[PDB]
$ cat data_1.txt   # compact mmCIF, C-alpha atoms
# COMPACT_ATOMS: atom_id res chain seq x y z
CA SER A 1 2.18 -25.01 -5.43
CA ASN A 2 2.25 -21.21 -5.50
CA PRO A 3 4.92 -19.76 -7.84
CA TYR A 4 4.70 -16.35 -6.12
CA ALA A 5 5.28 -17.49 -2.52
CA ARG A 6 8.43 -15.93 -1.04
CA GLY A 7 10.05 -16.14 2.38
CA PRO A 8 9.46 -18.30 5.45
CA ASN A 9 6.12 -19.13 7.05
CA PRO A 10 4.87 -15.95 8.73
CA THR A 11 4.18 -15.44 12.43
CA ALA A 12 2.66 -12.51 14.37
CA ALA A 13 6.17 -11.78 15.67
CA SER A 14 7.81 -11.80 12.21
CA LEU A 15 5.10 -9.50 10.83
CA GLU A 16 5.19 -7.08 13.79
CA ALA A 17 9.00 -6.66 13.66
CA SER A 18 10.50 -3.52 12.14
CA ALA A 19 12.08 -5.60 9.36
CA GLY A 20 11.18 -8.69 7.42
CA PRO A 21 13.51 -11.47 6.24
CA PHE A 22 15.07 -9.80 3.19
CA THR A 23 17.91 -7.30 2.93
CA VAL A 24 16.81 -3.97 1.47
CA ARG A 25 18.61 -1.51 -0.78
CA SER A 26 17.36 1.69 -2.47
CA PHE A 27 18.04 4.24 -5.18
CA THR A 28 16.66 7.59 -6.39
CA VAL A 29 15.06 7.60 -9.84
CA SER A 30 17.39 9.73 -12.02
CA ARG A 31 14.73 10.65 -14.64
CA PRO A 32 11.18 10.43 -13.17
CA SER A 33 8.65 9.57 -15.85
CA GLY A 34 5.37 11.35 -15.26
CA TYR A 35 5.81 12.31 -11.58
CA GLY A 36 8.08 14.57 -9.47
CA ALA A 37 10.64 12.30 -7.83
CA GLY A 38 10.94 8.72 -6.62
CA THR A 39 12.80 6.35 -4.33
CA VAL A 40 12.80 2.63 -5.16
CA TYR A 41 13.27 0.11 -2.33
CA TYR A 42 13.98 -3.50 -3.24
CA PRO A 43 15.01 -6.81 -1.68
CA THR A 44 18.44 -8.19 -2.63
CA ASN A 45 17.67 -11.83 -1.71
CA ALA A 46 13.93 -12.52 -2.20
CA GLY A 47 14.63 -15.74 -4.12
CA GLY A 48 12.32 -14.89 -7.02
CA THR A 49 10.63 -12.03 -8.86
CA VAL A 50 8.32 -9.90 -6.72
CA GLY A 51 5.39 -7.57 -7.25
CA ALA A 52 5.63 -3.80 -7.27
CA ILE A 53 3.82 -1.23 -5.11
CA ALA A 54 3.61 2.54 -5.70
CA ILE A 55 2.93 4.86 -2.74
CA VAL A 56 1.75 8.47 -2.93
CA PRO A 57 1.76 11.19 -0.22
CA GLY A 58 -1.03 13.58 0.78
CA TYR A 59 -1.73 17.22 -0.13
CA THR A 60 1.34 19.39 0.74
CA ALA A 61 3.25 16.23 1.66
CA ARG A 62 6.41 14.53 0.38
CA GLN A 63 8.04 11.07 0.45
CA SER A 64 9.01 11.51 4.10
CA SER A 65 5.38 11.09 5.17
CA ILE A 66 5.13 7.58 3.67
CA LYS A 67 8.82 6.50 3.49
CA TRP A 68 8.55 3.95 6.32
CA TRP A 69 6.53 1.65 4.06
CA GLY A 70 9.47 1.35 1.63
CA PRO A 71 11.83 -0.72 3.79
CA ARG A 72 8.95 -2.39 5.65
CA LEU A 73 7.30 -3.85 2.56
CA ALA A 74 10.52 -4.39 0.59
CA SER A 75 11.98 -6.47 3.42
CA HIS A 76 9.07 -8.94 2.97
CA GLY A 77 9.49 -9.29 -0.80
CA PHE A 78 8.19 -6.33 -2.84
CA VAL A 79 9.70 -3.56 -4.99
CA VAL A 80 8.31 -0.32 -3.60
CA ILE A 81 8.39 3.13 -5.18
CA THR A 82 7.61 6.16 -2.98
CA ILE A 83 6.94 9.33 -5.00
CA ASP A 84 6.80 13.08 -4.77
CA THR A 85 4.12 14.49 -7.04
CA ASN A 86 4.73 17.06 -9.81
CA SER A 87 3.18 19.60 -7.42
CA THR A 88 2.54 19.20 -3.68
CA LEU A 89 -0.94 20.65 -4.54
CA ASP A 90 -1.98 18.00 -7.08
CA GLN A 91 -5.50 16.58 -6.60
CA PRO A 92 -6.50 12.84 -6.34
CA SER A 93 -7.01 12.18 -10.12
CA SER A 94 -3.57 13.61 -10.93
CA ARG A 95 -2.10 11.65 -8.00
CA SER A 96 -3.59 8.46 -9.50
CA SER A 97 -2.09 9.32 -12.95
CA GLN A 98 1.33 9.80 -11.30
CA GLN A 99 1.03 6.64 -9.20
CA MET A 100 0.36 4.59 -12.35
CA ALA A 101 3.19 6.40 -14.17
CA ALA A 102 5.52 5.36 -11.31
CA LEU A 103 4.37 1.73 -11.69
CA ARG A 104 5.03 1.99 -15.43
CA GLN A 105 8.56 3.25 -14.74
CA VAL A 106 9.25 0.42 -12.26
CA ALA A 107 8.20 -1.95 -15.06
CA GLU A 108 10.51 -0.11 -17.55
CA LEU A 109 13.42 -0.31 -15.06
CA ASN A 110 12.82 -4.06 -14.65
CA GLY A 111 13.89 -4.33 -18.32
CA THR A 112 16.85 -1.90 -18.02
CA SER A 113 20.12 -3.80 -17.48
CA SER A 114 21.79 -0.85 -15.66
CA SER A 115 19.02 -0.63 -13.03
CA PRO A 116 19.43 -2.21 -9.58
CA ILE A 117 15.94 -3.78 -10.08
CA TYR A 118 16.75 -5.41 -13.46
CA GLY A 119 14.84 -8.70 -13.62
CA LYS A 120 13.59 -8.41 -10.03
CA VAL A 121 9.96 -7.43 -10.78
CA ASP A 122 6.94 -9.44 -11.88
CA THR A 123 5.29 -6.59 -13.79
CA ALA A 124 1.94 -8.45 -13.88
CA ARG A 125 1.52 -8.12 -10.06
CA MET A 126 1.10 -4.59 -8.76
CA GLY A 127 -0.40 -2.71 -5.82
CA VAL A 128 -1.26 0.83 -4.80
CA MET A 129 -0.98 2.69 -1.48
CA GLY A 130 -1.06 6.28 -0.33
CA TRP A 131 -2.05 8.82 2.30
CA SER A 132 -5.05 11.10 2.23
CA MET A 133 -5.53 12.49 -1.38
CA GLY A 134 -2.87 9.93 -2.31
CA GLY A 135 -5.16 7.32 -0.76
CA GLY A 136 -8.01 8.70 -2.87
CA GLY A 137 -5.67 8.47 -5.83
CA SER A 138 -4.98 4.81 -4.95
CA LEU A 139 -8.72 4.08 -5.03
CA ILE A 140 -9.02 5.88 -8.40
CA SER A 141 -6.08 3.79 -9.66
CA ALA A 142 -7.85 0.59 -8.50
CA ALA A 143 -11.15 1.65 -10.09
CA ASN A 144 -9.48 2.45 -13.43
CA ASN A 145 -7.06 -0.51 -13.50
CA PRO A 146 -8.82 -3.65 -12.21
CA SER A 147 -5.75 -5.79 -13.03
CA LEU A 148 -4.10 -4.25 -9.93
CA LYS A 149 -3.85 -6.95 -7.30
CA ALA A 150 -4.23 -4.97 -4.08
CA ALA A 151 -4.87 -1.52 -2.66
CA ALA A 152 -4.15 -0.32 0.88
CA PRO A 153 -4.80 3.42 1.20
CA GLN A 154 -4.53 5.26 4.54
CA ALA A 155 -6.78 8.06 5.93
CA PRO A 156 -8.22 8.57 2.41
CA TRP A 157 -9.76 11.67 0.96
CA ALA A 158 -11.57 11.85 -2.37
CA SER A 159 -14.00 14.18 -4.21
CA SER A 160 -16.59 11.39 -4.12
CA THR A 161 -16.81 8.43 -1.77
CA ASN A 162 -18.43 6.18 -4.41
CA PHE A 163 -15.95 3.46 -5.28
CA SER A 164 -18.62 0.85 -6.05
CA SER A 165 -16.73 -0.12 -9.27
CA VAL A 166 -13.65 -1.35 -7.36
CA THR A 167 -13.05 -5.10 -7.68
CA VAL A 168 -9.43 -4.93 -6.36
CA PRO A 169 -8.90 -6.27 -2.80
CA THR A 170 -8.84 -3.10 -0.71
CA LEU A 171 -7.71 -2.46 2.88
CA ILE A 172 -8.55 0.98 4.25
CA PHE A 173 -6.54 2.23 7.19
CA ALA A 174 -8.54 4.89 9.08
CA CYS A 175 -7.61 7.22 11.96
CA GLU A 176 -10.29 7.57 14.63
CA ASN A 177 -9.87 11.28 15.39
CA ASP A 178 -9.05 12.40 11.84
CA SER A 179 -10.01 16.09 11.53
CA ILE A 180 -8.88 16.48 7.87
CA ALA A 181 -10.82 13.64 6.22
CA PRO A 182 -13.15 12.47 9.06
CA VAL A 183 -13.88 8.74 9.18
CA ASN A 184 -17.67 9.13 9.04
CA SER A 185 -17.48 11.42 5.94
CA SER A 186 -14.56 9.83 4.02
CA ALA A 187 -12.97 6.46 5.01
CA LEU A 188 -16.11 4.69 6.24
CA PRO A 189 -18.40 5.87 3.34
CA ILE A 190 -15.62 4.79 0.90
CA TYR A 191 -15.51 1.34 2.54
CA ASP A 192 -19.29 0.97 2.51
CA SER A 193 -19.54 1.82 -1.20
CA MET A 194 -17.45 -1.22 -2.25
CA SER A 195 -19.68 -4.25 -2.79
CA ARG A 196 -17.71 -6.41 -5.28
CA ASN A 197 -14.37 -6.96 -3.60
CA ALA A 198 -12.45 -8.40 -0.71
CA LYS A 199 -12.29 -5.41 1.63
CA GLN A 200 -11.23 -4.40 5.11
CA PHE A 201 -11.58 -1.34 7.36
CA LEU A 202 -9.11 -0.88 10.19
CA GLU A 203 -9.50 2.21 12.38
CA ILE A 204 -6.67 3.16 14.71
CA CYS A 205 -7.79 4.20 18.22
CA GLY A 206 -7.18 7.90 18.91
CA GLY A 207 -5.38 8.45 15.62
CA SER A 208 -4.87 11.83 13.99
CA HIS A 209 -4.86 12.18 10.15
CA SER A 210 -1.19 11.14 10.17
CA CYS A 211 -1.79 7.95 12.21
CA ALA A 212 -0.29 5.61 9.55
CA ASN A 213 2.57 7.89 8.43
CA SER A 214 6.32 7.60 9.08
CA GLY A 215 7.03 7.85 12.81
CA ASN A 216 3.65 6.45 13.90
CA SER A 217 3.33 4.56 17.21
CA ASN A 218 1.52 1.60 15.59
CA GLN A 219 4.08 0.27 13.11
CA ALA A 220 3.75 -3.24 14.58
CA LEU A 221 0.02 -3.54 13.76
CA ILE A 222 -0.14 -1.28 10.71
CA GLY A 223 2.93 -2.89 9.14
CA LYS A 224 1.65 -6.40 9.91
CA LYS A 225 -1.65 -5.69 8.23
CA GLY A 226 -0.20 -3.89 5.23
CA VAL A 227 2.34 -6.62 4.53
CA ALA A 228 -0.26 -9.38 5.15
CA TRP A 229 -2.77 -7.76 2.76
CA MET A 230 -0.17 -7.35 0.03
CA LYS A 231 1.14 -10.88 0.56
CA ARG A 232 -2.33 -12.45 0.46
CA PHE A 233 -3.59 -10.60 -2.60
CA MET A 234 -0.47 -9.68 -4.66
CA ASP A 235 1.19 -13.08 -4.13
CA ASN A 236 -2.04 -15.17 -3.74
CA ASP A 237 -0.26 -16.39 -0.60
CA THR A 238 -2.76 -18.26 1.54
CA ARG A 239 -0.15 -18.57 4.34
CA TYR A 240 -1.26 -14.94 5.02
CA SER A 241 -5.05 -15.53 4.80
CA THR A 242 -5.59 -15.31 8.55
CA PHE A 243 -3.28 -12.31 9.07
CA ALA A 244 -4.98 -10.53 6.18
CA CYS A 245 -8.64 -11.34 7.04
CA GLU A 246 -8.63 -11.52 10.82
CA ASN A 247 -9.89 -9.01 13.32
CA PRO A 248 -6.49 -8.32 14.96
CA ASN A 249 -8.03 -8.42 18.44
CA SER A 250 -5.77 -5.45 19.27
CA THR A 251 -6.22 -2.74 21.89
CA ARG A 252 -5.06 -0.25 19.14
CA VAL A 253 -8.12 -0.88 16.91
CA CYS A 254 -11.32 1.08 17.58
CA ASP A 255 -13.25 -0.13 14.55
CA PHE A 256 -12.88 -3.20 12.38
CA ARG A 257 -14.90 -4.42 9.42
CA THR A 258 -14.18 -6.97 6.70
CA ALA A 259 -16.12 -8.57 3.86
CA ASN A 260 -15.50 -11.18 1.15
CA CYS A 261 -12.05 -11.81 2.59
CA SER A 262 -11.83 -15.41 3.91

$ encode --input "data_1.txt" --output "structure tokens"
Amino acid sequence: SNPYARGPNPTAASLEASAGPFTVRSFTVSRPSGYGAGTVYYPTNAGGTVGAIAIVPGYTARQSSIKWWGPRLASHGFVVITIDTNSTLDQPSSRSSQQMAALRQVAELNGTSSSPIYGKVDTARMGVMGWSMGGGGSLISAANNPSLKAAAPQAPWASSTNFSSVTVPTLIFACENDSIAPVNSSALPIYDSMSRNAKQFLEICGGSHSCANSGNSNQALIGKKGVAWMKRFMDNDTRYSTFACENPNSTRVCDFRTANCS
């Protein structure tokens, strides 16, 4: 049996809901280690240790832009840290450095008896997410740390689109009408460069650059896919294989591609 499986058997309805099965609490990191600020979201009743995910905003952006992922993922059985960068104008490499520093601090807090997440984290199972340059930073983190279990960047931007070294299962959320990091010059070339991993490309119909941010009109689909990807690859949970690998057959998806998934 799978020692990392948490929660009940998933359904489309349970994955599309605003909240998963677990109760969520949060705290602000009092002394951020290698990044600007952080909020940690965690389940109080997951029934076992869970993996950790670090999420980074875009250029000029703060935690508010990606906050919705905190409760959404944590409620399904993950410890999630959303960060502010040292500067809102940090570039993708620095964002990657800060994302990994946030993962390191979540691991440190797992061994700190005063922390609300004491003993709640499996520090060997980690994932990376982020918006725009923070999405580029997530891909850099995956390329440099192949022990990461999953990556799910959104509307990514990066100096180069060559991520051919990435072996980490990667889901790329793209926004059809992105005018900041256009799909044909950023997200899709990034996707096409990856030849050694489980990968997926999910483009949201009519979406602006912020199409997967807090307040988006597609939280049912985007949240379902993000949670399913993290569940399948961070937890090795084959109960999520279809949700993770399937073409959603959704009227909200204008482009779908997947490879080496199922």

$ residues_around --input "data_1.txt" --residues "segment 207-224 of chain A" --least-positions-apart "5" --cutoff "10 Å" --atoms "all atoms listed in the file" --output "PyMOL selection string"
chain A and resi 11-19+57-58+63-69+72-73+130-132+153-156+173-183+202+229+243-244+248+250+252-254

$ atom_distance --input "data_1.txt" --atom1 "atom CA of residue 92 of chain A" --atom2 "atom CA of residue 199 of chain A"
20.7 Å

$ atom_distance --input "data_1.txt" --atom1 "atom CA of residue 102 of chain A" --atom2 "atom CA of residue 164 of chain A"
25.1 Å

$ residues_around --input "data_1.txt" --residues "residue 2 of chain A" --least-positions-apart "6" --cutoff "10 Å" --atoms "all atoms listed in the file" --output "list in words"
residues 235, 236, 237 and 238 of chain A

$ write_last_selection --input "data_1.txt" --atoms "C-alpha atoms" --output "mmCIF file, in the frame of the given file"
data_model
loop_
_atom_site.group_PDB
_atom_site.id
_atom_site.type_symbol
_atom_site.label_atom_id
_atom_site.label_comp_id
_atom_site.auth_asym_id
_atom_site.auth_seq_id
_atom_site.Cartn_x
_atom_site.Cartn_y
_atom_site.Cartn_z
ATOM 1 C CA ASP A 235 1.190 -13.080 -4.130
ATOM 2 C CA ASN A 236 -2.040 -15.170 -3.740
ATOM 3 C CA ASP A 237 -0.260 -16.390 -0.600
ATOM 4 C CA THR A 238 -2.760 -18.260 1.540
#

$ closest_residue --input "data_1.txt" --among "A:111, A:77, A:8, A:20" --to "residue 41 of chain A" --atoms "only C-alpha atoms"
A:77

$ closest_residue --input "data_1.txt" --among "A:256, A:251, A:51, A:228" --to "residue 10 of chain A" --atoms "all atoms listed in the file"
A:228

$ residues_around --input "data_1.txt" --residues "residue 157 of chain A" --least-positions-apart "5" --cutoff "8 Å" --atoms "only C-alpha atoms" --output "count of residues only"
8

$ atom_distance --input "data_1.txt" --atom1 "atom CA of residue 24 of chain A" --atom2 "atom CA of residue 43 of chain A"
4.6 Å

$ closest_residue --input "data_1.txt" --among "A:25, A:149, A:225, A:104" --to "residue 245 of chain A" --atoms "only C-alpha atoms"
A:225

$ residues_around --input "data_1.txt" --residues "segment 116-128 of chain A" --least-positions-apart "2" --cutoff "9 Å" --atoms "only C-alpha atoms" --output "MDAnalysis selection string"
chainID A and resid 25:27 40 42:44 46 48:56 78:79 99:100 103:104 106:107 109:114 130 135 137:139 141:142 147:153 230 234:235

$ closest_residue --input "data_1.txt" --among "A:159, A:115, A:105, A:85" --to "residue 185 of chain A" --atoms "only C-alpha atoms"
A:159

$ closest_residue --input "data_1.txt" --among "A:45, A:162, A:9, A:200" --to "residue 240 of chain A" --atoms "all atoms listed in the file"
A:9

$ decode --input "data_1.txt" --residues "segment 119-154 of chain A" --atoms "N, CA, C and O atoms" --output "tab-separated table (two decimals), in the first residue's frame"
chain	number	residue	atom	x	y	z
A	119	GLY	N	6.56	18.37	13.17
A	119	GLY	CA	6.27	16.98	12.87
A	119	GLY	C	5.18	16.73	11.86
A	119	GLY	O	4.75	15.59	11.70
A	120	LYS	N	4.73	17.77	11.16
A	120	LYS	CA	3.68	17.61	10.16
A	120	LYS	C	4.18	17.41	8.73
A	120	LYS	O	3.39	17.00	7.87
A	121	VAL	N	5.47	17.65	8.47
A	121	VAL	CA	6.03	17.63	7.14
A	121	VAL	C	6.90	16.42	6.87
A	121	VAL	O	7.73	16.07	7.70
A	122	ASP	N	6.77	15.84	5.68
A	122	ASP	CA	7.70	14.85	5.16
A	122	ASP	C	8.64	15.70	4.31
A	122	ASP	O	8.31	16.07	3.19
A	123	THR	N	9.81	16.01	4.85
A	123	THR	CA	10.76	16.90	4.19
A	123	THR	C	11.41	16.31	2.94
A	123	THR	O	12.10	17.05	2.23
A	124	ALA	N	11.20	15.02	2.66
A	124	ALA	CA	11.71	14.37	1.46
A	124	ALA	C	10.75	14.50	0.27
A	124	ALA	O	11.08	14.01	-0.79
A	125	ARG	N	9.58	15.15	0.43
A	125	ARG	CA	8.59	15.27	-0.62
A	125	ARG	C	8.18	16.71	-0.77
A	125	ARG	O	7.42	17.23	0.04
A	126	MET	N	8.70	17.38	-1.80
A	126	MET	CA	8.50	18.79	-1.99
A	126	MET	C	8.10	19.15	-3.43
A	126	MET	O	8.41	18.44	-4.36
A	127	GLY	N	7.43	20.28	-3.56
A	127	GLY	CA	6.97	20.79	-4.84
A	127	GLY	C	7.14	22.28	-4.95
A	127	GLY	O	7.29	22.99	-3.95
A	128	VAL	N	7.09	22.77	-6.20
A	128	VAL	CA	7.30	24.18	-6.48
A	128	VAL	C	6.24	24.72	-7.42
A	128	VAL	O	5.88	24.06	-8.39
A	129	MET	N	5.73	25.92	-7.12
A	129	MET	CA	4.73	26.61	-7.91
A	129	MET	C	5.03	28.10	-7.90
A	129	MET	O	5.83	28.57	-7.10
A	130	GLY	N	4.44	28.82	-8.85
A	130	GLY	CA	4.64	30.25	-8.93
A	130	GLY	C	4.12	30.85	-10.20
A	130	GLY	O	3.96	30.16	-11.20
A	131	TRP	N	3.90	32.16	-10.17
A	131	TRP	CA	3.35	32.93	-11.26
A	131	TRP	C	4.41	33.71	-12.00
A	131	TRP	O	5.22	34.41	-11.39
A	132	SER	N	4.41	33.61	-13.33
A	132	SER	CA	5.19	34.46	-14.18
A	132	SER	C	6.70	34.26	-13.92
A	132	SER	O	7.14	33.13	-14.07
A	133	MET	N	7.49	35.27	-13.55
A	133	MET	CA	8.91	35.05	-13.20
A	133	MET	C	9.06	34.08	-12.04
A	133	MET	O	10.08	33.43	-11.92
A	134	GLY	N	8.06	34.00	-11.17
A	134	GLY	CA	8.02	33.01	-10.11
A	134	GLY	C	7.78	31.61	-10.64
A	134	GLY	O	8.19	30.63	-10.03
A	135	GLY	N	7.12	31.50	-11.79
A	135	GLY	CA	6.92	30.27	-12.51
A	135	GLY	C	8.21	29.87	-13.18
A	135	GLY	O	8.59	28.71	-13.11
A	136	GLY	N	8.92	30.82	-13.78
A	136	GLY	CA	10.26	30.61	-14.30
A	136	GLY	C	11.21	30.15	-13.21
A	136	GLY	O	11.96	29.20	-13.40
A	137	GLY	N	11.11	30.77	-12.05
A	137	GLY	CA	11.88	30.38	-10.89
A	137	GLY	C	11.57	28.97	-10.44
A	137	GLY	O	12.46	28.25	-10.00
A	138	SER	N	10.31	28.54	-10.56
A	138	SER	CA	9.91	27.17	-10.22
A	138	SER	C	10.57	26.17	-11.16
A	138	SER	O	11.02	25.11	-10.72
A	139	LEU	N	10.64	26.50	-12.44
A	139	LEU	CA	11.29	25.65	-13.43
A	139	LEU	C	12.79	25.58	-13.19
A	139	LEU	O	13.38	24.50	-13.31
A	140	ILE	N	13.42	26.69	-12.79
A	140	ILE	CA	14.83	26.72	-12.44
A	140	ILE	C	15.06	25.85	-11.20
A	140	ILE	O	16.02	25.08	-11.15
A	141	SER	N	14.16	25.95	-10.21
A	141	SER	CA	14.25	25.13	-9.01
A	141	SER	C	14.18	23.65	-9.35
A	141	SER	O	14.98	22.87	-8.82
A	142	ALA	N	13.27	23.26	-10.24
A	142	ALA	CA	13.12	21.88	-10.71
A	142	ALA	C	14.36	21.41	-11.46
A	142	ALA	O	14.84	20.31	-11.20
A	143	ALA	N	14.91	22.24	-12.34
A	143	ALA	CA	16.11	21.89	-13.09
A	143	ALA	C	17.30	21.68	-12.18
A	143	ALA	O	18.07	20.76	-12.40
A	144	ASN	N	17.45	22.51	-11.14
A	144	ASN	CA	18.59	22.44	-10.23
A	144	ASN	C	18.44	21.46	-9.08
A	144	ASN	O	19.44	21.08	-8.49
A	145	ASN	N	17.22	21.03	-8.78
A	145	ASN	CA	16.95	20.12	-7.69
A	145	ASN	C	16.02	19.00	-8.17
A	145	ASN	O	14.83	19.00	-7.86
A	146	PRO	N	16.57	18.01	-8.90
A	146	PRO	CA	15.72	16.94	-9.44
A	146	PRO	C	15.02	16.06	-8.41
A	146	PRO	O	14.15	15.28	-8.79
A	147	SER	N	15.39	16.16	-7.13
A	147	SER	CA	14.69	15.41	-6.08
A	147	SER	C	13.32	16.01	-5.78
A	147	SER	O	12.51	15.36	-5.12
A	148	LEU	N	13.02	17.22	-6.26
A	148	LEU	CA	11.68	17.79	-6.15
A	148	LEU	C	10.70	16.85	-6.86
A	148	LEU	O	11.04	16.26	-7.88
A	149	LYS	N	9.54	16.67	-6.28
A	149	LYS	CA	8.58	15.71	-6.76
A	149	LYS	C	7.60	16.21	-7.77
A	149	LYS	O	7.06	15.41	-8.54
A	150	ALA	N	7.33	17.51	-7.79
A	150	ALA	CA	6.39	18.09	-8.74
A	150	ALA	C	6.60	19.58	-8.90
A	150	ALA	O	7.05	20.25	-7.97
A	151	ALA	N	6.24	20.10	-10.06
A	151	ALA	CA	6.26	21.51	-10.35
A	151	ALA	C	4.98	21.87	-11.09
A	151	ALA	O	4.55	21.12	-11.96
A	152	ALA	N	4.35	23.00	-10.73
A	152	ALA	CA	3.15	23.45	-11.40
A	152	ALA	C	3.14	24.96	-11.55
A	152	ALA	O	2.32	25.65	-10.95
A	153	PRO	N	4.05	25.50	-12.36
A	153	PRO	CA	4.07	26.96	-12.58
A	153	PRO	C	2.86	27.43	-13.38
A	153	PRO	O	2.26	26.65	-14.12
A	154	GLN	N	2.56	28.74	-13.28
A	154	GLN	CA	1.47	29.36	-14.02
A	154	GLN	C	1.93	30.60	-14.77
A	154	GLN	O	2.68	31.42	-14.23
